[PDB]
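Each remark here refers to the structure printed beneath this line.
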Amino acid sequence: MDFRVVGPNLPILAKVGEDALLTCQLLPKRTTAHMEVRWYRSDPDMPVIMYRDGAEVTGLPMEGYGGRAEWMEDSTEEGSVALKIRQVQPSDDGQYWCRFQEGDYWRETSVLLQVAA
């Protein structure tokens with residue numbers, strides 16, 4: 001009950017082949033060294049990409065998924081975050097959940113993104 005993420009963000013419209021912007025608002029306790037943030041593409045079972053210890057996971061070299069998604073921090077800088085995803089498609093069209101994980105307690109919320117087809 002010490003962390004909360006909200007999805008007040010308005011629907012995002014990006015055309016197929018154009019990049020999209022996933023966004024949600026979270027409040028870090030202090031230093032995101034141990035904080036983890038996960039985004040899901042209409043599939044909570046598997047995360048597309050994650051942000052941990054102030055860095056996004058790249059895994060193996062020439063990352064297809066990691067390469068596709070790059071973190072773009074919001075201008076407001078009030079605990080909000082945004083993730084830039086390249087070459088959107090109908091599969092992207094839908095909802096994405098942000099997952100704030102710290103210690104043994106975490107919370108998540110959906111963000112509205114509707115890409116043009």
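Cβ: placed from backbone, ideal geometry, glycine included. Neighbour counts: every protein chain shown. Readers should treat all values here as calculations from the given coordinates under stated rules, not as data from a laboratory.
Karplus-based coupling profile of the range 77-84, in residue order and whole Hz: 6, 10, x, 7, 9, 8, 10, 8, with θ = phi - 60° in 6.51 cos²θ - 1.76 cosθ + 1.60 and x standing for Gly or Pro.
The phi-based Karplus calculation (6.51 cos²θ - 1.76 cosθ + 1.60; θ = phi - 60°) puts the 3J(HN,Hα) values of the range 2-13 at 9, 9, 8, 10, 10, x, x, 4, 6, x, 9, 10 Hz, whole numbers, x for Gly and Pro.
Couplings 3J(HN,Hα) of the range 54-60, computed from phi: x, 8, 8, 5, 10, x, 6 Hz, in residue order, whole Hz [Karplus 6.51 cos²θ - 1.76 cosθ + 1.60, θ = phi - 60°; x for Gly and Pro]. Hey, what number do you get for the chain at 222 nm if only DSSP H runs of n ≥ 4 count, each worth -39500 (n - 2.57), divided across all residues, to the nearest 500? Rounded to the nearest 500, the figure is -1000 deg cm²/dmol. Between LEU26 and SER80, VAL81, the built amide H atoms are under 5 Å apart, and every one of these is 5 or more places off in sequence or on another chain. Neighbour counts of other Cβ atoms within 10 Å put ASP43, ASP92, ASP104, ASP19 in the fewest-to-most order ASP104, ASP43, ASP19, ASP92.
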